[PDB]
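Chains as they are written, first to last, in the authors' numbering: chain W, 2 to 130; chain A, 14 to 212; chain V, 7 to 87; chain C, 25 to 233; chain a, 11 to 106. Think of the CB as a built atom: it goes at the ideal place given N, C-alpha and C, for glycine as much as any other residue.
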Amino acid sequence: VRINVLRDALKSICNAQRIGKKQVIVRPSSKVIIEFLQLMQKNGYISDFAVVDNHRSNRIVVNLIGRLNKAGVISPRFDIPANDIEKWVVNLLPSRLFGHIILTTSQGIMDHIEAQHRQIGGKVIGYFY
Amino acid sequence: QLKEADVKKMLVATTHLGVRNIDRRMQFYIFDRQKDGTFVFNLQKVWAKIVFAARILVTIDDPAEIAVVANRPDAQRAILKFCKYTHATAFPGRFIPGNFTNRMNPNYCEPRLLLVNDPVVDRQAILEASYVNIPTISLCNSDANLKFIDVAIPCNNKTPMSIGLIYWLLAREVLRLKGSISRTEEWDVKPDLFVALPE
Amino acid sequence: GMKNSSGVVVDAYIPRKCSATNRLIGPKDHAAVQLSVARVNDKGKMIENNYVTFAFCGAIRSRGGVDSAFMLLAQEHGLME
Amino acid sequence: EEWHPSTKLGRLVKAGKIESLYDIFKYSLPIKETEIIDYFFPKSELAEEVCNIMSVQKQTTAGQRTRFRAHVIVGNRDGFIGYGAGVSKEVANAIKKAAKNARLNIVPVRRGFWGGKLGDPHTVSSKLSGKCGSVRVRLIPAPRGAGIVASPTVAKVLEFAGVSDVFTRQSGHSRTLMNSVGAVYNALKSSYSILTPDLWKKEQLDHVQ
Amino acid sequence: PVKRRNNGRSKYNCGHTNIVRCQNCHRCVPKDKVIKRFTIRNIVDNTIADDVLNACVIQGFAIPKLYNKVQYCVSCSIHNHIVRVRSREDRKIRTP
RNA sequence: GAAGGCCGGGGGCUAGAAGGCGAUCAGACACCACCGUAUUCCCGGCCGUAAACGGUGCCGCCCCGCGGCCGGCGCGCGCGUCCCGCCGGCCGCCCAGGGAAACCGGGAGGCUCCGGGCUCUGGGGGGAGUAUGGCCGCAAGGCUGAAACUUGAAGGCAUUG
RNA sequence: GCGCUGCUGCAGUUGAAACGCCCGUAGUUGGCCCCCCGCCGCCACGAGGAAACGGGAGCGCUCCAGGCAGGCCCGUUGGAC
Ligand SMILES: [Mg+2]
Ligand SMILES: [Mg+2]
Ligand SMILES: [Mg+2]
Ligand SMILES: [Mg+2]
Ligand SMILES: [Mg+2]
Ligand SMILES: [Mg+2]
Ligand SMILES: [Mg+2]
Ligand SMILES: [Mg+2]
Ligand SMILES: [Mg+2]
Ligand SMILES: [Zn+2]
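And the structure:
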């Protein structure tokens with residue numbers, strides 16, 4: 002059965018971007034998907050998107066610009082102590098200069114840079130570069 | 014802009030008639046299907062494509078760097094006249110593999126643009142061009158595979174008249190764009206030269 | 007455009023980007039081509055020697071569809087639209 | 025006697041029209057003459073090295089026919105590396121063919137910083153992975169002064185390419201030398217083909233060349 | 011390794027098929043794996059068909075035919091040249 | 001839960017383990033020919049194994065192109081069991097991609113750029129699916145399942161002879 | 001060393017290895033939706049609680065392994081954390 006909607010959405014996004022398309026459709030929308038896409042947009046990776054209301058698990062349409070290189074999720078959301086982020090950065094990201102790691106905290110969904118700025122920790126959701 | 018004379022010439026030339034098969038990458042050029050099943054092209058689309066190809070051709074300053082390849086017996090005459098009037102280079106007959114990668118081949122050249130009449134019959138040269146960063150423009154029928162085909166001209170390419178007519182129109186357009194001739198006066202050359210003659 | 011600590015670019019060279027897929031073209035991509043299209047005066051029949059340039063990577067060419075991309079790009083850059 | 029260009033690019037290089045190798049690489053123009061580089065590399069800035077020499081046999085009606093396969097790498101220690109192989113009935117002729125092939129194929133190497141930026145680049149731009157046969161390689165940027173943590177064979181390639189800090193991991197049958205060298209060569213080759221946020225700048229194309 | 015994609019038989023959407031007996035050796039073979047040919051022949055060889063027609067008293071008579079379906083096993087077909095061992099590329103050909 | 005096998009009753013034509021006999025052979029108690037018991041068939045009940053194979057666990061998402069067949073439904077007209085589609089199923093070829101390769105591409109893809117969920121199995125070759133225990137079964141046997149000792153290779157795909 | 005015990009991080013068409021198939025309890029995993037209330041997990045901080053070892057501030061046992069010292073006009077000299 003369907004479990005992780007975000008994983009399906011990200012896989013579809015990468016599949017479409019691989020063959021140089023311009024628009025993708027994701028079926029089951031959700032708040033977490035919307036925040037993930039908002040962060041991606043803010044960092045300049047996927048331009049804009051729209052949500053279509055059908056009264057049943059709204060759909061969503063996104064527009065690409067051939068900048069995204071890889072996106073993914075960590076299924077069992079482990080807890081990241083505020084001082085245990087550099088290990089994950091080294092393990093997951095190509096470099097310490099570019100790339101982002103998404104965490105959910107009591108203060109909301111934020112990039113790992115922001116969490117390092119505020120010296121707090123939380124749970125890991127995904128990553129992209 | 015398409016004129017009545019041009020459309021009537023194309024219709025008498027049976028240029029808009031294709032084949033029973035269809036490809037998903039050409040459905041945009043298809044306008045209708047006949048009762049038997051033959052597909053019907055769109056004259057405005059092919060005209061716009063011819064104009065675009067003529068522009069691309071005139072972008073090259075030296076006509077000697079353009080290669081015209083055709084293994085079809087019917088095309089030979091049309092390509093020969095096209096190159097003679099445009100002062101380009103022709104590769105009639107069989108295409109020797111290694112003509113573009115083997116520098117020791119007696120007939121070896123470095124073209125900048127390549128022109129083909131049928132990918133199926135001339136696929137050997139298309140790959141060779143793909144090895145050396147050479148764009149290609151080809152004449153594609155209803156069922157064509159556009160692997161490494163930059164520009165596709167939607168036209169018939171089996172009837173002897175259609176082959177000669179398209180080349181004649183292309184030569185006319187390129188010469189006009191070059192400024193040698195004007196649009197209003199009909200070209201002195203008649204299309205019958207490009208069509209192959211029996212016996 | 008990898009800047010130094012002083013803002014001085016230290017990249018050897020900036021490679022080209024496909025005009026459709028926005029993808030870097032590698033030094034060894036031998037199926038990568040670049041074309042030009044000529045501009046036409048008001049009277050027609052004449053080129054003004056102003057050309058617009060495009061570049062395409064090998065992957066899109068192999069997969070096809072470069073024709074549709076070229077059509078849309080020309081329409082966006084010209085009156086064909 | 026004198027070198028007679030057999031190609032348009034060769035003739036242009038004979039003239040002073042082209043002034044640098046990056047002007048060739050940026051258009052993905054193939055190189056077919058060994059002179060196209062030595063004219064750009066006259067001084068002994070580059071260096072050649074023989075990696076491995078293996079003998080291969082072909083059974084026949086009466087005994088075996090033996091031959092030698094050779095592998096050679098070349099680089100200037102400044103963002104340039106090449107790798108080639110050659111086979112011939114004589115060891116020296118195989119070495120010459122391998123050296124010519126290594127010279128023929130060459131790629132630039134992108135170099136970057138680990139964390140802090142200061143001075144010239146010293147390590148690979150990011151993580152680079154390569155594949156050949158069963159062998160996979162990983163190159164992770166390292167801090168300044170960390171040296172090259174790699175096997176003797178791969179370390180020679182890294183030194184020739186001009187990299188002073190890097191962490192390496194090898195997987196698969198690494199005792200097959202040619203496949204490991206090919207994997208590292210491909211990983212290095214991929215460097216100038218990965219898009220980064222610094223390269224997002226949109227530049228208009230130039231009609232000239 | 012695997013030599014054929016069909017595994018040497020035409021078996022789709024099923025688990026078992028009825029068996030048949032080879033007409034030369036009487037081996038038991040699956041129906042989908044046996045080599046089958048249909049033949050139509052005159053009861054009388056064409057050499058003496060004219061002679062028989064000359065001798066026949068009936069007017070408007072027609073020579074009757076024989077309709078038989080021959081089934082052979084893999085070993086016997088090769089031995090009797092009903093099928094041949096082909097090259098790797100020719101194995102994909104399905105036309106007579 | 002194939003076939004064979006067992007228990008208790010029916011039935012008895014073909015074929016045919018065992019057995020007999022004629023040939024072949026140096027030998028032939030085997031291959032070939034002939035006769036022929038159990039069995040092959042039905043009823044009730046045990047056994048619970050097969051190359052029980054697509055040698056590919058189940059649920060779910062995305063995904064090049066061309067084509068054939070089966071079932072159902074809708075559209076169009078010049079009304080043909082025509083052609084344009086949708087869902088489900090069975091197949092063929094195949095660009096990318098993947099792989100040690102053969103090859104797969106309705107995945108064996110989206111994976112060292114290596115995290116969707118659940119269950120089972122494996123850790124060099126023999127000794128050995130053996131010994132000893134336990135459960136099951138009328139039995140034949142099935143499930144579970146070592147150690148000492150020994151050994152430097154055993155295997156897969158492909159190339160030339 | 002060994003990503004040959006694999007959470008990070010193995011393999012299961014052909015090399016060793018997907019139960020013959022179905023139902024099914026324990027177990028594990030479970031679409032989307034309400035801005036502010038309660039509880040559980042989670043993150044941060046804090047209190048409380050032996051040192052030695054380990055890290056670490058300062059000091060020229062001639063250096064070092066070490067130790068907690070020394071000169072003078074000493075943070076109340078110091079042995080902080
Ligand atoms: Mg075999
Ligand atoms: Mg079966
Ligand atoms: Mg039975
Ligand atoms: Mg099995
Ligand atoms: Mg994995
Ligand atoms: Mg193992
Ligand atoms: Mg073992
Ligand atoms: Mg086996
Ligand atoms: Mg096995
Ligand atoms: Zn037979």
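Residue(s) in a DSSP beta bridge with residue i
{"i": "C:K82", "result": "C:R89"}
{"i": "A:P167", "result": "A:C153"}
{"i": "C:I172", "result": "C:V190"}
{"i": "a:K75", "result": "a:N52"}
{"i": "V:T59", "result": "V:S42"}
{"i": "A:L128", "result": "A:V81 and A:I150"}
{"i": "a:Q81", "result": "a:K46"}
{"i": "W:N64", "result": "W:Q24"}
{"i": "C:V133", "result": "Paired residues: none, contrary to the question."}
{"i": "W:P82", "result": "DSSP output for W:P82 lists no bridge partner at all."}
Distance, residue j Cα to residue i Cα
{"i": "A:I109", "j": "C:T192", "result": "47 Å"}
{"i": "A:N112", "j": "A:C122", "result": "7 Å"}
{"i": "C:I42", "j": "C:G34", "result": "10 Å"}
{"i": "W:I20", "j": "a:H91", "result": "52 Å"}
{"i": "C:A86", "j": "C:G206", "result": "35 Å"}
{"i": "W:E87", "j": "W:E115", "result": "13 Å"}
{"i": "W:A10", "j": "A:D45", "result": "38 Å"}
{"i": "C:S195", "j": "W:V27", "result": "37 Å"}
{"i": "W:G67", "j": "A:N130", "result": "34 Å"}
{"i": "C:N76", "j": "C:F92", "result": "10 Å"}
{"i": "V:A37", "j": "a:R94", "result": "44 Å"}
Closer than 7 Å: residue i CB and nearest ligand 2 heavy atom
{"i": "a:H26", "result": "yes"}
Chain A contact for residue i (CB, 8 Å cutoff)
{"i": "C:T220", "result": "no"}
{"i": "C:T31", "result": "yes"}
{"i": "C:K38", "result": "no"}
{"i": "V:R22", "result": "no"}
Test: residue i CB closer than 8 Å to a CB of chain W
{"i": "residue 235 of chain C", "result": "The structure shown does not extend to residue 235 of chain C, since chain C spans only 25 to 233, so no value can be given for it."}
{"i": "C:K151", "result": "yes"}
{"i": "C:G139", "result": "yes"}
Residue i at chain C interface by Cβ criterion, 8 Å
{"i": "A:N120", "result": "no"}
{"i": "A:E17", "result": "no"}
{"i": "W:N70", "result": "yes"}
{"i": "A:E123", "result": "yes"}
Anticipated Cβ contact below 8 Å, residue i with residue j, distance rounded
{"i": "A:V81", "j": "A:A67", "result": "About 14 Å; that fails the 8 Å criterion."}
{"i": "C:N100", "j": "C:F65", "result": "7 Å"}
{"i": "C:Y107", "j": "C:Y209", "result": "5 Å"}
{"i": "A:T51", "j": "A:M174", "result": "A:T51 to A:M174, Cβ: 17 Å. No contact."}
{"i": "A:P167", "j": "A:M39", "result": "6 Å"}
{"i": "A:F207", "j": "A:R85", "result": "13 Å between Cβ atoms; not a contact."}
{"i": "V:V72", "j": "V:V58", "result": "About 16 Å; that fails the 8 Å criterion."}
{"i": "W:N5", "j": "W:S107", "result": "23 Å between Cβ atoms; not a contact."}
{"i": "C:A122", "j": "C:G110", "result": "4 Å"}
{"i": "C:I105", "j": "C:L212", "result": "6 Å"}
Any C-beta of chain V under 8 Å from that of residue i
{"i": "A:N170", "result": "no"}
{"i": "W:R97", "result": "no"}
{"i": "W:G21", "result": "yes"}
{"i": "W:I66", "result": "yes"}
{"i": "A:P148", "result": "yes"}
{"i": "A:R90", "result": "no"}
Cβ-heavy atom distance, residue i to ligand 10, below 7 Å
{"i": "A:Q40", "result": "no"}
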